[PDB]
Amino acid sequence: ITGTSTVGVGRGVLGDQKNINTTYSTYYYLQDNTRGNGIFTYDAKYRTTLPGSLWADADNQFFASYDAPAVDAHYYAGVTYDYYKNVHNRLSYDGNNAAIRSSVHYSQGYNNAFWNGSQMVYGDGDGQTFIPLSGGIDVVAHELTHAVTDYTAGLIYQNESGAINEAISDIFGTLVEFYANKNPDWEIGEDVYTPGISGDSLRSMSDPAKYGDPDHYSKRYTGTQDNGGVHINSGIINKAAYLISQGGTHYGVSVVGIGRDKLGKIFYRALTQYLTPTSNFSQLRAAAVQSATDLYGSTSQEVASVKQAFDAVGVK
Ligand SMILES: CC(C)C[C@H](NP(=O)(O)[C@@H](Cc1ccccc1)NC(=O)OCc1ccccc1)C(=O)N[C@@H](C)C(=O)O
Ligand SMILES: [Ca+2]
Ligand SMILES: [Ca+2]
Ligand SMILES: [Ca+2]
Ligand SMILES: [Ca+2]
Ligand SMILES: [Cs+]
Ligand SMILES: [Cs+]
Ligand SMILES: [Zn+2]
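Reading guide: rules and limits
- Residues numbered from 1 in each chain as written, not as in the entry; some residues may be left out.
- Chains lettered and ligands numbered in written order.
- Heavy atoms only, no water.
- Residues with missing side-chain atoms left out of burial classes, pairs and counts.
- UniProt positions renumbered as here; feature names shortened; annotations may be inferred.
- Donors = N, O, S within 2.8 Å, 3.2 Å for Na, K, Ca; no water.
- Helix = DSSP H or I, 4+ residues; strand = E, 2+ residues; numbered from the N terminus.
- Polar contact = N/O pair within 3.5 Å; in protein donor to acceptor, adjacent residues only side chain to side chain.
- Contact = heavy atoms within 4.5 Å.
- Buried < 20%, exposed > 50% of the residue type's maximum accessible area, 1.4 Å probe, protein only.
- Pairing = 2+ DSSP bridges.

- Its PDB header names X-ray crystallography as the technique used to obtain the model and reports a resolution of 1.44 Å.

- The protein chain has the name Thermolysin in the PDB entry, where Geobacillus stearothermophilus is given as its organism.
- The title assigned to this entry in its PDB record is "Structural and Kinetic Evaluation of Phosphoramidate Inhibitors on Thermolysin".
- The protein chain has a UniProt comment under Function that states "Extracellular zinc metalloprotease."
- Regarding the protein chain, the relevant UniProt record gives this comment under Sequence similarities: "Belongs to the peptidase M4 family."

### Here's the deal with the coordination of the calcium ion (ligand 3)
In step 1: Distances from the calcium ion (ligand 3) to its protein donors, namely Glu177 (OE), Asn183 (O), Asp185 (OD) and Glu190 (OE), fall within the range 2.3 to 2.4 Å.
In step 2: Read in sequence order, the donor residues coordinating the calcium ion (ligand 3) give the pattern E-x5-N-x1-D-x4-E.
In step 3: In this structure the calcium ion (ligand 4) is found 3.8 Å away from the calcium ion (ligand 3), and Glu177 serves as a bridging donor for the pair. Of this pair, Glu177 sits in helix α3 (residues 159-180) while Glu190 sits in the loop between β12 (187-188) and β13 (203-204), and the two are 13 residues apart along the sequence.

### Some thoughts on the side chain of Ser300
In step 1: Mapped onto the elements, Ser300 comes out in the loop between α7 (281-296) and α8 (301-312).
In step 2: Only 2.7 Å separates the side chain of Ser300 from the backbone oxygen of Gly297, close enough to count as a polar contact.

### Brief notes about the environment of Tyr81
In step 1: Within the fold, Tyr81 resides in helix α1 (residues 68-88).
In step 2: A C-alpha to C-alpha distance of 8.9 Å links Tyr81 and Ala141, two positions 60 residues apart in sequence.
In step 3: Setting aside anything within four residues of it in sequence, one finds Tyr81 in contact with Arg35, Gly36, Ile39, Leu91, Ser92, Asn97 and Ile100.

### Concerning the pairing of strand β5 (residues 39-43)
In step 1: For β5, a buried count of five out of five residues is recorded, marking the element as mostly surrounded by other parts of the structure.
In step 2: The side-chain alternation of β5 yields two buried faces, one formed by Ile39, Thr41 and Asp43 and the other by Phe40 and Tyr42.
In step 3: Sheet topology places β5 next to strand β9 (residues 100-106); five bridges connect them, and they run parallel. What sits directly across from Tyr42, in β9, is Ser103.

What follows is the structure, given as structure tokens:
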């Protein structure tokens, strides 16, 4: 909408207070004009029609329980925009400052979040498996990263290319979580998953197998559920990324860690310059090796570490 940029205040899903960029024109709308061509957050009102209505508020204060998922979807989209711009010199998901749109309160008891080809969408959860999913910064960045992937490598959402698509979203979701630097970890969704169980998460990148996800290519899922295991076999790539950054010895193979920032540079370059819609795990290894060679040189530790990490997870 046309209006003037304003700054509201509210509380997110976990009860934390934060400022949000809004737009005033009769109402205060969740429209952040400070980033690209805008970040826009909508109310889906417990229905499945999208996007719903641009979020409107009478007083620019967002402390109601019903407001909390919108506050976080809007704020964490801003953080994710900042990460891609400041760290990778990428302007929104399309590289040309496309407007970023999110809807919250999607459906009833909806235990998921998604990118629908045009926008992000967040359920409220059923209060048992999830609380409102925009409360997880890693979740928000996971979803926006699907948009980045769709505009770049275009990895098809099935089998190995789809597991790479998923891992890219978990990797950058985690790197955004570290960028914001509030309780960062290598787990996925811990802030919104299972409010009655402490210390768990939807997935683990540091130890995927804690939930039965594979941590080696010889344990990959080969069936048809989950689009051929895209959220399962992602563990193999998540583990490799974790090893590249943090190091470790895994199935007897030692990896010298090179840190999160170099992991992000290598995988961002792989995603945007080398991967294609049909890339498999072996082709991802080759893309990461070439990306590290471009950035750091063929004789570099960074290249050696990429090879060690894929060796450790059984990907040649
Ligand atoms: C991080 C976690 C809290 C949420 C995360 N959801 P997500 O993987 O982003 C998923 C959502 C979805 C919902 C409904 C139908 C299909 C898919 N896909 C998705 O948005 O694809 C976007 C895409 C991919 C490829 C090409 C175009 C577009 C997830 O790990 N969900 C688990 C529980 C699961 O669904 O098993
Ligand atoms: Ca209000
Ligand atoms: Ca965390
Ligand atoms: Ca996390
Ligand atoms: Ca939990
Ligand atoms: Cs789990
Ligand atoms: Cs399969
Ligand atoms: Zn996903």
